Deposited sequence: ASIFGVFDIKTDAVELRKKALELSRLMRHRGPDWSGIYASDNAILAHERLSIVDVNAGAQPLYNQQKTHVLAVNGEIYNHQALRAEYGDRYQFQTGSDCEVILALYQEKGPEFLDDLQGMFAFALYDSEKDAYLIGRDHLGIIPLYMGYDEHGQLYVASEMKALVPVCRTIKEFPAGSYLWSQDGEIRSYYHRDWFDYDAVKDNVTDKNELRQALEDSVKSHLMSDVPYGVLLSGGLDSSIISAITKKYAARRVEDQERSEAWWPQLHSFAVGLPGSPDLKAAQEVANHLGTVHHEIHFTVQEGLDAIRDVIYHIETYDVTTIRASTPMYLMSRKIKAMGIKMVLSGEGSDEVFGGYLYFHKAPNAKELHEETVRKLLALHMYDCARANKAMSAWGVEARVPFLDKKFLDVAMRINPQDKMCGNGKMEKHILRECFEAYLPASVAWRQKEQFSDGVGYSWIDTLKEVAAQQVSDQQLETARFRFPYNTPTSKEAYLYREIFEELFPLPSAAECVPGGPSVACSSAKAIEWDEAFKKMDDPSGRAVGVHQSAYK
């Protein structure tokens, strides 16, 4: 879904509403199902839905029973069932939407219920009674959210920067693990955990069976949906586990892998799918198909980062292929490397202290990284991506085991392999460019054509911020800028 909100209105609200319709529509690929808008003299909440749960009645914006509170959410509240039970006493549910609990929660706790939600999301809520608003983003910013200001000082928020660039003088990412309560006027962090610090877990007790079961429960809970769903299977450990787990609790399970015809990963993926027994779909794309998509990928992910761009491409095309099949949601394996210190550089880790701090740090930066890519790549085509490895509960267990246990002094994510070896082929289980070498190669080769050594030499004059230092980056930048003129838009991009 997409969310779009305008707060602190100081102008013709009428005109603003007309404009909101326009800007919201810019993100309609995220919510192809239906459009919703709420507009008053003091606030606007525009919504583009992708119905996953409560098809018929999960229409948004969701309204107060009394109709004084209005909510627009992009996300999934996994524990909503539990919450309905708990507050159902106090609040009158109007639908079956998982998102409705935020409305219950707010009614009783005001702005203080963020850590009570389990799931991924971004929302904007408007209380006509108190003439107040609340904006929030999940714990690690799994669901993206941007914010910015008009030349009037009016406040804007949108799932994608794409809808703000046209009106804001400034924009920035809506901080993850946080909320914005109008009465307070300041963004406050709500997500904190003991494990944020080493000295907190340092001599903890690792419980493998706990770890495994934790990931199982995460997956299980992320299976919530009223539409057809699938799993991304790349043949890598992370998606192999997710798919394995998913297969395990699916009770027809579709798997998807993407790549240049004949590439290695494809083979791995096929192997796993065959071992797990899923109805696999090997998506192929040609190098030219990828080239031709670059610009749109860039418009979708909203970045000029080479690596992200190179990687979102395939994902972007896989998504179009999935959606065409009719699948609206998929589970993926992002977060695993960050939780378990999956990177090779982690092999090189100095000690458990260093390891821990790095992973934490990595977890806290994901909203700008893997999260953004997955979400936006998939949403380009109206496909929802779930990340069980990043589930709230799971993380507490995985971040709380002893971090020595994460040290490679073994395969990189040993403990994890150990936990699921049984579910997989020995090959993936203990394995340590699969989409196609040619993919990045032509990429590079095309950049070198399109970019003069001259351009590169004086890039600092053109792109003073995060000056591109290679012709490929140079190329992605030009397009980025072309699409996202505003100077702060590039500052959202990690320097």
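- Within the chain's deposited sequence, the coordinate-free stretches run 252 to 265, 424 to 425, 449 to 453, 517 to 553 in sequence order.
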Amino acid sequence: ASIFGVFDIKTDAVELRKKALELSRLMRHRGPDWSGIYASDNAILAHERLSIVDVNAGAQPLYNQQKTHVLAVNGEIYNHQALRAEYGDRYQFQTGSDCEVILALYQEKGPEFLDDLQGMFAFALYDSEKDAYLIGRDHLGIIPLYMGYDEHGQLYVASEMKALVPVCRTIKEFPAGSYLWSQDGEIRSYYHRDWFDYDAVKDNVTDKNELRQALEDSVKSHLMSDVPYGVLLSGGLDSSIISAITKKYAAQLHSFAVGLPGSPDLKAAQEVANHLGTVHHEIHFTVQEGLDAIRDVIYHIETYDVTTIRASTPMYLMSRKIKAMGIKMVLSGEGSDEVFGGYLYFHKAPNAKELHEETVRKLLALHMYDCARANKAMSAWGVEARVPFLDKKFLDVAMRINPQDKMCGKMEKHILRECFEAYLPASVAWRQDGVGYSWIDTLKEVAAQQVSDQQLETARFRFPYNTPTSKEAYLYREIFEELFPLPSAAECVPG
From here on, numbers count along this sequence of modelled residues.
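- With 58 to 66 and 437 to 445 compared on mean CA B-factor from the PDB entry, the stretch scoring higher is 437 to 445.
- Here 475 to 483 and 9 to 17 are compared by their mean Cα B-factor, and 9 to 17 comes out higher.
- In the PDB entry, the Cα temperature factor peaks, among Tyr229, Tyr179, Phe121, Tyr343, at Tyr343.
- Taking the deposited Cα B-factors for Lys323, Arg137, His347, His300, the highest one is held by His347.
- The entry lists a Cα temperature factor for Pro32 that places it in the highest third of the chain's modelled residues.
- Sort the modelled residues of the chain by CA B factor and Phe463 lands in the lowest third.
- Ranked by Cα temperature factor within the chain, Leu26 sits in the lowest third according to the deposited record.
- Split the chain's modelled residues into thirds by C-alpha temperature factor. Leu50 is in the middle one.
- Ranked against the other modelled residues of its chain, the C-alpha B-factor of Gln81 as given in the entry falls in the lowest third.
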